[PDB]
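Observations on the three-dimensional arrangement
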Amino acid sequence: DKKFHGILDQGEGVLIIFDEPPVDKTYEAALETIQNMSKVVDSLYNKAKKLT
Amino acid sequence: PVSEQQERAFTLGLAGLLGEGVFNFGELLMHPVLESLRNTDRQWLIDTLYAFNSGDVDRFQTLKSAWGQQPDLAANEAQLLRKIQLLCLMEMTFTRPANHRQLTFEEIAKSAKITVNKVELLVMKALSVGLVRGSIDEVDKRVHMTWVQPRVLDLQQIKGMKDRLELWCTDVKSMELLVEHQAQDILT
Amino acid sequence: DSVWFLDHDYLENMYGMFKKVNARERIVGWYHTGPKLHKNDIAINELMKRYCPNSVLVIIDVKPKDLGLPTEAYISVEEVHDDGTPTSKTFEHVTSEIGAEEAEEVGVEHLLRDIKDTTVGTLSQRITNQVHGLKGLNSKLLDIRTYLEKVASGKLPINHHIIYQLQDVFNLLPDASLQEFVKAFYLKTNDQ
Amino acid sequence: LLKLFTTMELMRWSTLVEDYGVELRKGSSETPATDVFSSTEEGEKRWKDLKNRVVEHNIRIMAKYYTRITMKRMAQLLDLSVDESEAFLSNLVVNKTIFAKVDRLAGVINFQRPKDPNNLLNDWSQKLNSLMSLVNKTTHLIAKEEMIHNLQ
Amino acid sequence: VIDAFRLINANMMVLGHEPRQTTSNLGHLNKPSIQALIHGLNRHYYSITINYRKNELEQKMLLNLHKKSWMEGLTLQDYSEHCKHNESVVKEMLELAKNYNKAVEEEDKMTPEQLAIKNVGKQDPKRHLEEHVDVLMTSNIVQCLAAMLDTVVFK
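Counting starts from 1 on each chain and goes along its sequence as written, which need not follow the entry numbering; residues with no coordinates are hidden. Here chains are named by letter from A upward and ligands by number from 1 upward, in the order in which they appear as written. Values throughout apply to the visible chains only, these chains being members of a larger assembly. To obtain the side-chain values, all non-hydrogen atoms of the structure were used and water was disregarded.

Method-wise, the PDB entry is recorded as coming from cryo-EM, at a reported resolution of 12.8 Å.

Brief notes about the overall build of chain C
Runs of E in the DSSP output that reach at least two residues are strands. Runs of H or I that reach at least four are helices, and both are numbered from the N terminus. When helices and strands are tallied, chain C shows six helices and four strands. Going from N to C terminus, chain C has its helices and strands arranged as α-β-α-β-β-β-α-α-α-α. The globule rule is 2.2 Å times the number of residues to the power 0.38, and the radius of gyration it is compared with is taken over C-alpha atoms. In terms of C-alpha radius of gyration, chain C reaches 23 Å, well past the compact-globule figure of 16 Å for 192 residues. Principal-axis analysis of the C-alpha atoms places the extent of chain C at approximately 75 × 55 × 25 Å. Only protein chains enter the accessibility calculation, which uses a 1.4 Å probe; a residue is then buried when its area is under 20% of its type maximum, exposed when over 50%, and partly exposed in between. Buried residues in chain C amount to 42% of all 192 residues. Working rule for contacts: check all heavy atoms of both residues, and any pair within 4.5 Å makes them a contact. Expressed as a percentage of contacts within chain C between residues at least 6 apart in sequence, the contacts between residues at least 24 apart total 46%. A 1.4 Å probe and the Shrake-Rupley method give the accessible areas. Residues count as covered only by the protein chains that appear here. Of the roughly 10700 Å² of accessible surface on chain C, 57% is carried by carbon and sulfur atoms. When the 21 positive and 29 negative side-chain charges of chain C are each reduced to one mean point, those points stand 2 Å apart. A positive count includes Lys and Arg, and a negative count includes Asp and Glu. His and the chain ends are not counted in either. The atom standing in for a charge is NZ when the residue is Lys, CZ when it is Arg, CG when it is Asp and CD when it is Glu.

Topic: the arrangement of the chains
The highest contact count of any of the nine pairs of chains in contact belongs to chains C and E. Nothing in chain A touches chain B; the tightest C-alpha to C-alpha distance between them is still 18 Å.

With respect to the sheet that holds strand β3 (residues 142-147) of chain B
Each strand in a sheet pairs with another by means of backbone hydrogen bonds, the pair being arranged parallel or else antiparallel. Strand pairing is assigned whenever DSSP detects at least two bridges linking the two strands. On the basis of which strands lie adjacent, the open sheet formed by six strands has the order β1(B)-β3(B)-β2(B)-β1(D)-β3(D)-β2(D) and mixed pairing. Edge positions in the sheet fall to β1 (102-104) of chain B together with β2 (101-102) of chain D, since each has one partner strand and no second. Looking at chain direction, strand β2 (residues 133-137) of chain B and strand β1 (residues 66-70) of chain D are connected through two bridges and run parallel. From the neighbouring strand, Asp137(B) faces β1(D), where its bridge partner is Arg68(D). Of the strands in this sheet, β1, β2 and β3 of chain B touch helix α9 (residues 105-112) of chain B, which is tilted by about 75° from β1(B). Only the stretch in contact is used when a helix axis is fitted, and all axes are lines through C-alpha atoms; the angle between N-to-C directions ranges over 0 to 180 degrees. With respect to the sheet, helix α3 (residues 43-65) of chain D is in contact with β2 of chain B together with β1 of chain D, its orientation differing from that of β1(D) by roughly 115°.

So, the interface of chain D and chain E
At the junction of the two partners, chain D supplies 14 residues and chain E supplies 14 residues. The term buried area means the drop in 1.4 Å probe accessible area that two parts suffer when joined, counted for both and summed. For the pair chain D and chain E, the summed buried surface comes to about 1200 Å²; carbon and sulfur atoms form 69% of the total. For salt bridges, the criterion is a side-chain nitrogen of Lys or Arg within 4 Å of an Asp or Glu carboxyl oxygen. Along the contact surface separating chain D from chain E lie zero salt bridges. Polar contacts here mean pairs of N or O atoms no more than 3.5 Å apart (in protein, one a potential hydrogen donor and the other a potential acceptor; neighbouring residues in sequence count only if both atoms are side-chain atoms). The interface formed by chain D and chain E holds zero residue pairs in polar contact in total.

Notes on the nonpolar core
Residues enter a nonpolar core if they are buried and are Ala, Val, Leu, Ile, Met, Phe, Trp, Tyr or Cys, with the set joined through side-chain atoms within 4.5 Å. Among the nonpolar cores identified, the biggest contains 72 residues, and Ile59(D), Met62(D), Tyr66(D), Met74(D) and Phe111(D) are the most heavily contacted of them. Excluding anything up to four places from it in sequence, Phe111(D) contacts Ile59(D), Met62(D), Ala63(D), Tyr66(D), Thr67(D), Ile69(D), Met74(D), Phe99(D) and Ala100(D). Residues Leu137(C), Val169(C), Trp124(D) and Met132(D) belong to the second largest nonpolar core, which totals 47 residues.

Section: the packing of aromatic side chains
Each aromatic pair joins two rings of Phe, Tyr and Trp (for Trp, the six-membered one) with centres within 6.5 Å, and gets the label stacked for planes under 30 degrees apart, edge-to-face for over 60, and tilted for any other angle. If you walk through the whole model with that rule in mind, you get 12 aromatic pairs over all chains. A centroid spacing of 6.4 Å and a plane angle of 90° characterise the contact between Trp147(B) and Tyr164(C), whose relative ring orientation is edge-to-face. Of the two residues, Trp147(B) is situated in strand β3 and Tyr164(C) in helix α5 (residues 160-171); the pairing between them involves two chains. Accessibility expressed as a relative area gives 32% for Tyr164(C), which makes it partly exposed. For the ring pair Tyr20(D) and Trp47(D), a centre distance of 6.3 Å and an interplane angle of 65° mean the geometry is edge-to-face. Linking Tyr20(D) in helix α2 (residues 13-23) with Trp47(D) in helix α3, this pair joins segments that are 27 residues apart in sequence. Here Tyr20(D) and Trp47(D) have matching classes, each one buried. Members of the aromatic cluster, joined through ring pairs, are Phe25(B), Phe52(B), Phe60(B) and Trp67(B). When the ring centre of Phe23(B) is taken as origin, the NZ or CZ atom of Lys83(B), which lies over that ring, is 4.3 Å away. A ring is considered to have a charge above it if a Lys NZ or an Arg CZ atom is located within 6 Å of its centre and within 35 degrees of its normal.

This is how it looks when you write it as structure tokens:
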């Protein structure tokens, strides 16, 4: 449900709670830029067909 | 008077050891007063200054007959042990360049010649007062000094500063050339 | 330099007159014109205070002492210095900035089209500025080094401010790592 | 009584109970308007409540100085048991006066914000901004300082 | 709106001092306001030239070399602040990206700006996108160059 944002470890018999990690931000900005470029590439090819 | 300088000079050193403020042991030696004119009391007095700076329990301990003579040293024996420990720690951070101002607890204990356990408490009291700043990572067992105070004024200590300044002069020259190099076609 | 000429009365006359040309021009103090700060300057500093409301001593040189401004600002200070030396009268520096009023700004901006510290107009403009900070830093290192030796040999007075300032650079500890940036551009350039 | 309380230097509970006990606990006085310390009827409970307070002060001081401390090492310091120290920390953390991370396995207590490699880089960036201001200032003091050779 | 002028008296006009002024220089007449130019010319003055000479030392002082001004170039900005900015900048491109997908489908004639407006996207959607990365790239690129350099130098 992620109603406390931890993970339960049944192999050891401990509850670990997820600490703050280093930035996800870096990956996310790259991810967003690459998806927009993929839409564009599809448009870019069609007009190009005219050349060859 | 001759006799007056001798009395005031004795109390001045005693005060100096008690100090939490004192980081000018190097200045006391440098001043002509103590060195030039010695008496039997004054022979020990300069030695105790020396023992602090070095910050070894072995040098310090031989002088112990002195601890009994004044009640001032005898009474605040805890502050003395803490002081010599802390000063040795500062000298090591200082000797070492800007690569590490990190020293282990083990290394601090060796210099101090006081047990590892008591060193850990002593270092904490110095932090608490604010003489020194840093962090203690007891997983690693290092005290990483963020900040260090103005050190003892001796000649050698003037020389320690030169080492880093000189090194810095050569790394900057090298580097300055790399910054000019990149797109030299366009600065306009 | 213990023989020089100065007209003290002139300082007083000038004060009243400058007020008519602009209200922002009153006797602030005196200017020195380099090359160093001398003992001989101290005699005039004393005198200036009486004439002026309390004065400032600004040293405006013809060529920078660093790479930036050619001006230093000073205030007379008395401080105890110990190494075998007594209490010294010295001049303690305070840092300076640049700044102007609207009239001044108008003429300099139209006239300027020079290269500057940076203008800003490209990425490449920015590197010129980076070159200039690093070169500046080289300059300061030389002055301090030659002085450290002079302190050791002569037993020149040890000013607490200098020993403390240099110490701090060393203690902070450099650490630097992970850095990245985008790469969106290719589709756009390709697009043109 | 004032001196121990005022320093943020280490204290140990036990030393205090005896030290204060001789001098302070007695609370002789002539006025009827105060005789309270531990001499009075609520005074007894007030001394019981003091155990909790001292130990909590130890936690605050250690939070700043230390970044990481071993569990074993913190219980000695506080003057608490292994279970008690781990337990006392959670109550404090939720109540919000110190922030620790408690391993109920006696592993480690982290008074730090959650470590990132990223975090450390930023702290250096600020130091760097300060470091440059200091170097520009210093050069000036050098020029006046070089002139003189009559004051040595 | 700075002119150098010379007085016209009854005596000056009879002599013909007014053409005499234009001679020996590049010649200069004023401009601001219509009423002020006709009136001024007849009664008030004749106009003549101002040109400017300022030496290289004057230019050096004019420029305002400044110590912190160059120092900033080296001064490292937060790592989290670059990451945060990188993410913010991407969010402007997203907006532009809808207009940009439509613009790119047909751009099969001449003039990119006309094509881009025609198949939806005011002025140049490509341009907007590019400016947005450039500012972020500029701050991140210089700080990385500076950071690696300082750490090694100081250490």
